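See below for the structure under consideration.
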Amino acid sequence: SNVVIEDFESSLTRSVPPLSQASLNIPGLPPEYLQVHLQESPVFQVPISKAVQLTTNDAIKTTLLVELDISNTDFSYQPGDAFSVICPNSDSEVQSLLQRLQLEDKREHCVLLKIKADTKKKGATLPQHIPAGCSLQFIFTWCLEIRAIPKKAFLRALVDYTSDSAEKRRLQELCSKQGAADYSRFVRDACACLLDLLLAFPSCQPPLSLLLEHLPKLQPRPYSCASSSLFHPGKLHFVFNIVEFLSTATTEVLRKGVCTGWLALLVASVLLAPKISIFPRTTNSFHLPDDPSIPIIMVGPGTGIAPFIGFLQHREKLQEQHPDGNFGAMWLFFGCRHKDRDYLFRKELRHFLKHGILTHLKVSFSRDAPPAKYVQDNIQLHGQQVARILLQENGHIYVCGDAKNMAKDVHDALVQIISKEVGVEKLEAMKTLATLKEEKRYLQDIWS
């Protein structure tokens, strides 16, 4: 059976009218500046000691808990801290890209970089994220975000290395004024990366120097500390969903995130310890109050629960040291899709409640058939207690998780709560929350 495409079908490689017949306003070509020669020749490395799948096998998103052994380091952390993980690109992706650039057989050559004597770029400097003299393999694996969506100026540069007339034309369309919609749809929304484009435009043969002028730094990914060193001394836990998304890939439907895809591969045999390189974030503010008598409210749907597991572990240990202490209330608003699939830490939370560490637990299930569906609905149902904690009892509220929408939804809920509870106008309520934030009693750790 043949792949047969009808005349009306547009795609990354094919426009339809009007764009296909349009006069193009094409951006100016970026001035090349890099000269490449291929020469033949406070970071902590910590083992992964444990990994646990927290979700059922049929959960739409797979959530993992990973334990790192920090015992042979001088690394320290407090609950709510974040740290950065240094991750590589997929070996298969790096191989495919080097193969496509006809560079696979030079993968062990050292990349020596200079500025071209004859460049028309002012202020041209060597990219700081490409270590001078490292192997091509090393640079593609560890230094370059090969997943990055090519900008219009990168597409513009690739026009000049594309020999097929229709393919060159399509790339002109994709970087032009007139091709804005097609770029947004077929490149940006589609999450297309360089390899995807080069496979889609087989006649595009760009030089390595051009890639190194456009591919950005491969950034480390931060994770939140999901444990207390009081509770698991010498260990550090973190929790993450494996990211999976639809892309331009022709032979694969879902692509995994760079860091979470790698972590999942690393821990397969632990689920000869695998090791990863991490480093602390110098500033961290998402912390328990110094005064343990102060009541707190934690709002952490899905994996946003992560730092709060660390807060609760910390308080368990603090309480063990000092029974009879004046310890403030601890409220958790947790949300997930299905009680029977992704109710993270269900047993541990039960433990915290049983022992009087967690004062109140309010869990919402957004996809179970019927009741509060999201954390914001449950917060509203307990508005009186929430208002009193924040406004009469000097309390703090913490909101963590991947959605910025979640953060806005929680915010708007609190606005409604303060208006109704104190009986002030929506505007005074909004300014109260802003003053709460200014005083560091309303804290956010938002992940996207």
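Which one of these is more than 20 Å from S20 (Cα to Cα), in the same structural domain as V36 (by CATH) and in contact with a helix residue (DSSP H, G or I) (Cβ under 8 Å, 6 or more places away or on another chain): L199, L230?
Unique residue meeting the criteria: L199.
Would you check if there is a residue in the stretch 162-172 being β-branched (V, I, T) and touching a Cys at 6+ places or on another chain (Cβ under 7 Å)? Within the stretch 162-172 (the criterion being β-branched (V, I, T) and touching a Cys at 6+ places or on another chain (Cβ under 7 Å)), the answer is yes, since at least one residue qualifies.
Here is a yes/no grid of residues against (1) under 26 Å from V66 (Cα atoms); (2) out of contact with any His (no Cβ under 9 Å at 6 or more places or on another chain); (3) among the aromatic types (F, W, Y):
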{"residue": "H287", "(1), (2), (3)": "yes, yes, no"}
{"residue": "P295", "(1), (2), (3)": "no, no, no"}
{"residue": "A306", "(1), (2), (3)": "yes, no, no"}
{"residue": "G310", "(1), (2), (3)": "yes, no, no"}
{"residue": "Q313", "(1), (2), (3)": "yes, no, no"}
{"residue": "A329", "(1), (2), (3)": "no, no, no"}
{"residue": "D340", "(1), (2), (3)": "yes, yes, no"}
{"residue": "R346", "(1), (2), (3)": "yes, yes, no"}
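The single condition among (1) in contact with a helix residue (DSSP H, G or I) (Cβ under 6 Å, 6 or more places away or on another chain); (2) farther than 30 Å from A190 by Cβ that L12 does not satisfy is (2). Here the strands (runs of 3 or more DSSP E) wholly within the stretch 220-277 that include at least 2 residues being under 17 Å from the mean Cα position of the chain (by Cα) and among the aromatic types (F, W, Y) are 235-241. Considering (1) among the aromatic types (F, W, Y); (2) more than 22 Å from the chain's Cα centre (by Cα); (3) under 29 Å from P222 (Cβ atoms), the lone condition that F327 does not fulfil carries the number (3). Summed over the stretch 83-124, residues that are part of a helix (DSSP H, G or I) and among the acidic types (D, E) total 4. Search the stretch 60-88 for residues being surrounded by fewer than 18 Cβ atoms within 10 Å (Cβ to Cβ) and within 22 Å of the chain's Cα centre (by Cα), and hand back the single one that is nearest to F308 (Cα to Cα). Checked the stretch 60-88; the qualifying residue nearest to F308 (Cα to Cα) is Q78. Every condition in (1) over 24 Å from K217 (Cα atoms); (2) over 23 Å from the mean Cα position of the chain (by Cα) is met by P31 except one, and the failing one is (1).
Filter the stretch 5-23 down to residues that are in a loop (DSSP other than H, G, I, E, B) and under 36 Å from the mean Cα position of the chain (by Cα) and give me whichever is surrounded by the fewest Cβ atoms within 10 Å (Cβ to Cβ).
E9
Residues in the stretch 164-195 that are of a type in the set (S, T, Y), within 18 Å of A148 (Cα to Cα) and surrounded by 18 or more Cβ atoms within 10 Å (Cβ to Cβ): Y183 only. Output the residues belonging to the stretch 423-439 that are surrounded by fewer than 12 Cβ atoms within 10 Å (Cβ to Cβ) and under 19 Å from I296 (Cβ atoms). Result: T435, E438, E439. Within the stretch 278-296, being of a type in the set (A, V, I, L, M, F, W, C) and not in a loop (DSSP other than H, G, I, E, B) holds for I278, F279, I296.
For neighbour counting, all protein chains shown are included, and Cβ atoms are generated from backbone atoms with ideal geometry for every residue, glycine included. What is reported rests on the model, the rules as stated and the sources as named; none is laboratory data.
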